[PDB]
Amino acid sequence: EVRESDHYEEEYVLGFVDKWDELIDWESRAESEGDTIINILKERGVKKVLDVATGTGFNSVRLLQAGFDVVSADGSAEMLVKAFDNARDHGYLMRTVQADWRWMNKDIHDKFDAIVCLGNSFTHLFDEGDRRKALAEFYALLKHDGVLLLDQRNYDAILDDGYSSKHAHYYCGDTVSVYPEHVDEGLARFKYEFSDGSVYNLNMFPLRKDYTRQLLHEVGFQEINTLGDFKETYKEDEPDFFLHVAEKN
């Protein structure tokens, strides 16, 4: 029945991350990414980190290499297998937990100095109730002085700049291009095209910057610093990403 379709959408994204990891090696990605995330955590004396969007494990492995104690959670068991084996290949024992954002402490019973939700993951929630619930679950998993690091694409530029926003964005040189095929206030569909000709189309929710900030404030975070993050190969006046640094207190 509809199990075939749900299996297809999971397999589609799994193929997407496999293609990304096939053509974009992690060392190139680590050097392109700053050490900004790591230093932010270090400056706050973070030891214990929960990654709630492990995916194939890049953020988790980077934090393990940096010396953090990391728990690697993801809603997808198949992602966590890839993440664990990638960490293994880099010489690290990952601690994987399958967990849905709407009930994060079902199987995670510890509290954390920081949570990372990176790679533009939070945009995958299309329901506002789910968005609030997810952020409340993260908030409850933080120690009193903990911090949430949560990023997203800059959807404001696409929703507002109009004709000047209808162009592709490139990552890791020219290895992948990302083109906004369709954007309205409720839905953004991007075309991802890789250097080998592979094409994937992915849906996400186009969170406005101040909306995300409003959600974070509303579930109880007391201080939110939003940083512009220029990750694309051909920089523009507007950053293509934002990084929210939300302090529980």
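Numbering starts at 1 and follows the sequence shown. Basically, rigid core = biggest C-alpha set you can superpose within 1.5 Å across the two forms.
The rigid core fit leaves 165 to 173 as the farther-lying stretch in 5 other deposited structures of this protein, judged by Cα positions and set against 90 to 98 and 165 to 173. Between 77 to 85 and 105 to 113, it is 105 to 113 that carries the larger average Cα temperature factor according to the deposited entry. Averaged over CA atoms, B-factors in the entry run higher in 30 to 38 than in the other of 30 to 38 and 210 to 218.
Comparing the listed residues 153, 95, 144, 169, the entry records the largest Cα B-factor for 144. Per the PDB record, residue ranking by Cα B-factor puts residue 161 in the highest third of the chain. Among all modelled residues in its chain, residue 128 ranks in the highest third by Cα B-factor. Residue-level temperature factors show residue 182 in the middle third of its chain, judged at the C-alpha atom. When the modelled residues of the chain are ordered by their C-alpha B factor, residue 197 lands in the middle third. Sort the chain's modelled residues by C-alpha temperature factor and residue 43 lands in the highest third, per the entry.
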